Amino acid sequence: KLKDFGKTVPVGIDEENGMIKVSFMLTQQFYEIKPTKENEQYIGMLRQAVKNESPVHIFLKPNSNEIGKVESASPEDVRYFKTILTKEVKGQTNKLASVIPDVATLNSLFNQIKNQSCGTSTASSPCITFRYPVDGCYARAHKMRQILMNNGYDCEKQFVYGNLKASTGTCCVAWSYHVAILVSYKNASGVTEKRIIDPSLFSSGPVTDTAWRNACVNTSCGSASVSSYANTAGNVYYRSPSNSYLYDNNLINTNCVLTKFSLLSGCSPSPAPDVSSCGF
């Protein structure tokens, strides 16, 4: 009766209104487990796995984000997750400019990125699923970075974490973290500034990281607060709260996730469809 969610690493466990909210690596979605006598051991397993950044096997109640069972990971699972979620930092191998020369070029890059939005005739496949804010922010950000790279530029990522909520203007989503590209450019006086580019939240253009994080704590959606943020090299696909990095150097995961979410829009389906198939 339970849905096999597969193996993953829990990265947060946070109590709210009679329910325990669990966050996992990569996915931006919250999962929940009820603090009942019968869930007491599953909850302990999750708490220990969060502490130690170790994998577990997750089973969900059908058609929900509710955890029904947690099973231990094998020594093989432990070995694998250590290889992919790593402190072994490795930077971009291609030579690129880390600073965009002027705001005109920043704006051009913004337009090129927005032109790749799913639902616009200018976009090529796989299009960037900005209109589907439920999950996949990591893939959207890596695809935005690819556009910069196609222009000869690199950038940073900013990962923001917490009890996040955002509105599309018609509906709200909840996230354990969000990520977008943080682009450095020279202003009119030649001073380097940074802006976030994130058409899933700001359709008009680049915005300050302060404004961006504020949009991730939209209290019109309910309770919200930021717990942390971290800037990373652009090549980081996902950063855990323990400062481990996951990479997607050939955009294998990125393209697979974008392809899966291509026709999705709005705040449903939630949970998002399974992208476990994707790999790297």
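A residue's number is simply how far along the shown sequence it sits, counting from 1.
| query | Should the higher mean CA B-factor in the entry be assigned to 107-115 or to 83-91? | reply | Mean CA B-factor is higher for 83-91.
| query | Mean CA B-factor: is it higher for 151-159 or for 186-194? | reply | Taking the mean C-alpha B-factor of 151-159 and of 186-194, the larger value falls to 186-194.
| Based on what the PDB entry reports, which of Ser125, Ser200, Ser176, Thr208 has the top C-alpha B-factor? | Result of the comparison over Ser125, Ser200, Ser176, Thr208: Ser125.
| query | For the listed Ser265, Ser270, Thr259, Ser23, which has the peak Cα B-factor recorded in the PDB entry? | reply | Comparing C-alpha B-factors across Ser265, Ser270, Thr259, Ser23, the maximum falls on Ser270.
| What third of its chain's C-alpha B-factors does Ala224 belong to: lowest, middle or highest? | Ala224: CA B-factor falls in the middle third of its chain.
| said: Lowest, middle or highest third: which one holds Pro241 when the chain's residues are ordered by CA B-factor from the entry? | reply: As the PDB entry reports it, the C-alpha B-factor of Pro241 lands in the lowest third of its chain.
| field | CA B-factor ranking of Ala180, expressed as a third of its chain | value | It belongs to the lowest third of the chain when residues are ordered by C-alpha B-factor.
| message | Split into thirds by Cα B-factor across the chain's modelled residues, where does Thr129 land: lowest, middle or highest? | response | Its C-alpha B-factor, which the entry lists for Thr129, ranks in the lowest third among residues of this chain.
| task | Would you mind checking where the Cα B-factor of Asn52 ranks among the modelled residues of its chain, as the lowest, middle or highest third? | result | As the PDB entry reports it, the C-alpha B-factor of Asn52 lands in the highest third of its chain.
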